[PDB]
Amino acid sequence: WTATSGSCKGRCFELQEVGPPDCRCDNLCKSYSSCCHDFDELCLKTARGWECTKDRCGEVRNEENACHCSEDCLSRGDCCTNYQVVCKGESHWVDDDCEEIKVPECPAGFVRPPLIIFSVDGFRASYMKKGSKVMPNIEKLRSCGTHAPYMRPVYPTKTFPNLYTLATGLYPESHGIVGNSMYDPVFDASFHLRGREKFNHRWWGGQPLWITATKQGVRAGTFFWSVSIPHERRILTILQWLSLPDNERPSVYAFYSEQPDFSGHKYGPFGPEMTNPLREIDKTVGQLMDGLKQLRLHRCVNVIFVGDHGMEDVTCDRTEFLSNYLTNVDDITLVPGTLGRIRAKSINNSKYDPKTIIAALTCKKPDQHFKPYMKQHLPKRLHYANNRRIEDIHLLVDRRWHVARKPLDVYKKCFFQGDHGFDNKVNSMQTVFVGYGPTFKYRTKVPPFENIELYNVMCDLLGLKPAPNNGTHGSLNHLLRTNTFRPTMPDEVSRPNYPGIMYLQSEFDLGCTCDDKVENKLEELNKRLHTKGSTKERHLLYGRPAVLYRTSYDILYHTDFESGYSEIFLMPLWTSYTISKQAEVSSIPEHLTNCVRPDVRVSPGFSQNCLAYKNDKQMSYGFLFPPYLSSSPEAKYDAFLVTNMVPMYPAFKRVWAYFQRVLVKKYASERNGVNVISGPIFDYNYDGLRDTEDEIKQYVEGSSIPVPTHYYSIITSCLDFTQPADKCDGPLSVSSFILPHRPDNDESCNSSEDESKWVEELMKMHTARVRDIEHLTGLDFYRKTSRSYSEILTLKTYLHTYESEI
Ligand SMILES: *[C@@H]1O[C@H](CO)[C@@H](O[C@@H]2O[C@H](CO)[C@@H](O[C@@H]3O[C@H](CO[C@H]4O[C@H](CO)[C@@H](O)[C@H](O[C@H]5O[C@H](CO)[C@@H](O)[C@H](O)[C@@H]5O[C@H]5O[C@H](CO)[C@@H](O)[C@H](O)[C@@H]5O)[C@@H]4O)[C@@H](O)[C@H](O[C@H]4O[C@H](CO)[C@@H](O)[C@H](O)[C@@H]4O[C@H]4O[C@H](CO)[C@@H](O)[C@H](O)[C@@H]4O)[C@@H]3O)[C@H](O)[C@H]2NC(C)=O)[C@H](O)[C@H]1NC(C)=O
Ligand SMILES: COCCOc1cc(C(=O)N2C[C@@H]3[C@H]4CN(C(=O)c5ccc6[nH]nnc6c5)C[C@H]4[C@@H]3C2)nc2ccccc12
Ligand SMILES: [Ca+2]
Ligand SMILES: [Cl-]
Ligand SMILES: [K+]
Ligand code: NA
Ligand SMILES: [Zn+2]
């Protein structure tokens, strides 16, 4: 119940929401069917439009007008945004030359530059170039401020997940808004675009920026605008708030435009109909900037122009139907469209089986336009699994396509020509970032970055401490003139042991054999040197990784590689080696095919054993430092140490062997040497975070050897490829991956072919940031470089995407 009999008199767009059943006058009352009876008449005036004209200049104030052109309007804070232009001979902001804003130039009474977030729905990154002719205000913000060529959204690339990620710095699996539509089985409740359930606070996890500000004594304008409030009225409301007394005035504001997304769905991302929506958004930016200029705020406020996601060409005819794959299509519920999520239609149905559903959806049709996954097998870069609202079965839909349950859903639910929601690496899903103001840099281009990073920066702009989030704070310091955040490296928690030779070969009873008993102070002096770390500078280029949790581990040195060997997990946490452009690939000699050698620095009790591998009929083994890249026949023996061995399914060994034998040398040739760090990852609860030992669900049969869920590699070289990876004077370049350690290659539909036709494609799908590997391993990399820590933070957030040019 709402008693709409009260009045909005003097309350129009009031900042605090009054509670039912008293009627509301805030920018959301429409959405709740709760506004006071006179809200339209008082608060949504439209009379005479939005622009001053020559004849209105100096007019008698008529309070009925949508905005004013009378002499008192500036002090009242309610002139039309073009008042000073039409009536006082001023220029539009867009027509002014840009001039660096070295310091904030604010009216007295302002404690900090305000932040205005101007968010545009469905604004594809390429609109900045492709639409530049029709967007002069936006182009001036872009060229004069700080901009990225594009900003990467989160998955799924839908409206609510991305807006709330922008507000919180959290992945959707952590903030809880994991789609535009959701079922939460614990609540037994459904979140829908239409209706009231979505207003309930239980859906919205984390701490969005307006709450962070409010808790730290910084007032916030509301971020939500009812759809029927016109854009012009939104801008005028912001401008009026900016004229409030100091004690009442917010410091952070948001504007939201439903365009260009609205038209993009109807016309496709580059339909000729799209030019007008772009022009209209630019006019709205112009209104804001002229309004700020009138208020003497245009060299005071920081403005962020940001989108949530892009827009792809998708039509009704490009739909895959599950009814062409499944016999039992009526026993499932599908969340459909540019992603799919499947669960049982009824929890009482004991014949429902996820394994048989997945198998019926796997590589069934030659050009099939979606791929099924159990959520824990999705690429770890999507961070899309640790939430009960994410169904176990997921369909990753190819760009340009939809998935639906049955044909009748597409015609009894072509209309649309555009959509979004696909994998967040897809070029068409990228979106925009521009920052303009005293706190941002002048005429500066920054590389692409992820939208999870922005919350920390918004916090920096407002002097707020950010709530715990998934950004890496400091990685966007290069966007800022001032207010940078200068973190310190995390403290190493566990120091390594440095074991020397402590065991005789006969103490080991591992069931391992090696043909190595074939026999000089010239070469015996040299091998002692190698085991003590004499080549360590060549193979450990950025310092050893720090271990950020409590554990017991050893540093092991070798001619060709160095490792941090875990006594708890019985294998390396990391193995580091450098391969020059000149390095040669050799084979595993026939006499050495099955060779495994005890490591006389490491106790039998802290070693793997070969018998467990023999007895485990599903599990084989591989090596972290590859025997193919040994520097010499004699150095190759080091590669077969029991301490370099890790468990690997035969199907995965196909992947691993091709990476090690073919791809590493290929990267060293292309990149002028590479440094490789490889290792295992254990994430059995799919939370993106390193498992403790008691979380491990699978061991090599009969042993305490834990099976990794993933294998990673971090591949670093010099950004200036004229310098070799091991003699690099300046910035670095990195690509990394986190490969799922699976007992089949069902993910790769072409896996019956030679590895040269499918392996690198799989690896590209499982591209990762160094930071993703840090979370998964509790390791901290790049501890000793010549580089600033913020620059290293940016490097750790980099993602090599393999998409062509934007
Ligand atoms: C991205 O950044 C985020 C933010 O930093 C990272 O997420 C954090 O990770 C921490 C570890 O997983 C986690 O810390 C836990 O907090 C528990 C208390 O949590 C509540 O309070 C906080 C603070 O206000 C709040 O934010 C939480 O909000 C979550 O839950 C509600 C649902 O009720 C949601 O609305 C909200 O969206 C959010 O959900 C997300 O996180 C939860 C886990 O909290 C997931 O389950 C969801 O799927 C979703 O992803 C909560 O309201 C605290 O109780 C935990 O401590 C337990 O476990 C530890 C083990 O180390 C142990 O020491 C404790 O004793 C305790 O154990 C007991 O409980 C166990 C489980 O019930 C049980 O098994 C035991 O036997 C014991 O009884 C723990 O400290 C933190 O909550 C989240 N925060 C957020 C916002 O998600 C995230 O990791 C980053 N991602 C990456 C990849 O880096
Ligand atoms: C970002 O700065 C200001 C805007 O901030 C925010 C504004 C809004 C905010 O006010 N809205 C209005 C619209 C809601 C309903 N809706 C749709 O009808 C819709 C829109 C486009 C679609 N494309 N495909 N399907 C679609 C469905 C999605 C949400 C859009 C976001 N909500 C937010 C929720 C959380 C965090 C912030 C928010
Ligand atoms: Ca884990
Ligand atoms: Cl969704
Ligand atoms: K085996
Ligand atoms: Na296959
Ligand atoms: Zn949309």
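Per the deposited record, the coordinates in this entry were obtained by X-ray crystallography to a resolution of 1.7300 Å.

The name that the PDB entry assigns to the protein is Isoform 2 of Ectonucleotide pyrophosphatase/phosphodiesterase family member 2, with the source organism given as Rattus norvegicus. In its Subcellular location section, the UniProt record describing the protein reads: "Secreted". Within the UniProt record for the protein, the comment given under Sequence similarities is "Belongs to the nucleotide pyrophosphatase/phosphodiesterase family."

Draft legend 1. View of the overall build of the protein. Per the secondary structure count, the protein includes 21 helices and 29 strands. Rg of the C-alpha trace for the protein: 30 Å, near the compact-globule value of 28 Å for 806 residues, within the 12% margin. Across its three principal axes, the protein shows a C-alpha extent of roughly 105 × 60 × 45 Å.

Draft legend 2. Fine view of the coordination of the sodium ion (ligand 6). The protein atoms that coordinate the sodium ion (ligand 6) are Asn 745 (O), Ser 748 (O) and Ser 751 (OG), at distances spanning 2.3 to 2.5 Å. Positions of the donor residues of the sodium ion (ligand 6) along the chain correspond to the pattern N-x2-S-x2-S. Judged on exposure class, the residue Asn 745 and its partner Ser 751 are both buried.

Draft legend 3. Local environment of the pattern of salt bridges. Considering all chains together, one arrives at 47 salt bridges under this definition. Close ionic contact of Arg 249 with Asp 246 constitutes a salt bridge, the shortest N to O distance being 2.9 Å. The exposure class assigned to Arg 249 is buried, which follows from its relative accessible area of 7%. Connected through salt bridges with shared partners, the residues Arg 61, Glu 63, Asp 72, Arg 76 and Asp 78 form a single ionic network.

Draft legend 4. Structural context of the site of ligand 1. Residues in close proximity to ligand 1 total 13 residues, the closest being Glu 173, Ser 174, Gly 205, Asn 386 and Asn 470. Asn 386 has a polar backbone atom sitting 2.9 Å from an oxygen atom of ligand 1. Contact with the protein chains covers 33% of the free accessible surface of ligand 1, which is 1500 Å². Per-class residue counts for the shell around ligand 1 are 3 nonpolar, 8 polar and 2 charged.

Draft legend 5. Local environment of the UniProt feature "binding site: Zn(2+) 1" in the protein. UniProt records the feature "binding site: Zn(2+) 1" for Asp 121, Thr 159, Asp 308 and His 309 in the present numbering. The greatest C-alpha distance among the annotated residues, which extend across 189 residues, is 7.4 Å, indicating that they converge on a single site. Accessibility expressed as a relative area gives 4% for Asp 121, which makes it buried. Beyond its immediate sequence surroundings of up to four residues, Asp 121 is in contact with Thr 159, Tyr 256, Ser 257, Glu 258, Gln 259, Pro 260, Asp 261, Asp 308 and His 309. Relative to the assigned elements, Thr 159 resides in helix α6 (residues 159-168).

Draft legend 6. Up close: the coordination of the zinc ion (ligand 7). The coordination sphere of the zinc ion (ligand 7) contains the protein donors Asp 261 (OD), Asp 261 (OD), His 265 (NE2) and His 420 (NE2), at a distance range of 2.0 to 2.4 Å. One can describe the donor arrangement at the zinc ion (ligand 7) as irregular, given that its 6 donor atoms subtend angles of 27 to 168° at the metal.

Draft legend 7. Summary view of the sheet that holds strand β16 (residues 433-436). Across the sheet, which stays open at both edges, the 6 strands sit in the order β6-β1-β7-β16-β2-β17 with mixed pairing between neighbours. Edge positions in the sheet fall to β6 (252-260) and β17 (444-445), since each of these pairs with one other strand and no more. Where strand β7 (residues 302-307) and β16 come together, 4 bridges link them in antiparallel fashion. Pairing of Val 306 across the sheet is with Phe 433, part of β16. The strands that helix α11 (residues 275-294) touches are β1 (115-121), β6, β7 and β16; relative to β1, the one it contacts most, it runs at about 170°.

Draft legend 8. Spatial organisation of unusual backbone geometry. A cis geometry characterises the amide bond from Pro 20 onward to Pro 21, with omega recorded as 0°. Mapped onto the secondary structure, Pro 21 falls in the segment before α1 (39-43). Of note, the bond from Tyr 155 into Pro 156 is cis; its omega dihedral lies within 30 degrees of zero at -5°. When you line up the elements, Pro 156 lands in the loop between β3 (151-152) and α6. Phi angles above zero are rare outside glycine, and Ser 33 is one such case at about 45°. When you line up the elements, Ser 33 lands in the segment before α1. Positive phi, normally seen in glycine, also occurs at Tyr 686, with a value near 45°. Judged by its relative accessible area of 26%, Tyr 686 is partly exposed.

What counts, and at which threshold
- Residues numbered from 1 in each chain as written, not as in the entry; some residues may be left out.
- Chains lettered and ligands numbered in written order.
- Heavy atoms only, no water.
- Residues with missing side-chain atoms left out of burial classes, pairs and counts.
- UniProt positions renumbered as here; feature names shortened; annotations may be inferred.
- Helix = DSSP H or I, 4+ residues; strand = E, 2+ residues; numbered from the N terminus.
- Rg over C-alpha atoms; globule rule 2.2 N^0.38 Å.
- Donors = N, O, S within 2.8 Å, 3.2 Å for Na, K, Ca; no water.
- Buried < 20%, exposed > 50% of the residue type's maximum accessible area, 1.4 Å probe, protein only.
- Salt bridge = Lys/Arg side-chain N within 4 Å of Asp/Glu carboxyl O.
- Near = heavy atom within 4 Å.
- Polar contact = N/O pair within 3.5 Å; in protein donor to acceptor, adjacent residues only side chain to side chain.
- Areas by Shrake-Rupley, 256 points an atom, 1.4 Å probe, with all protein chains shown as cover.
- Nonpolar A, V, L, I, M, F, W, Y, C, P; charged D, E, K, R; others polar.
- Contact = heavy atoms within 4.5 Å.
- Tetrahedral: all angles 85-135°; square planar, octahedral: opposite > 155°, others 65-115°.
- Pairing = 2+ DSSP bridges.
- Axes fitted to C-alpha atoms, helices over the stretch in contact; angles between N-to-C directions.

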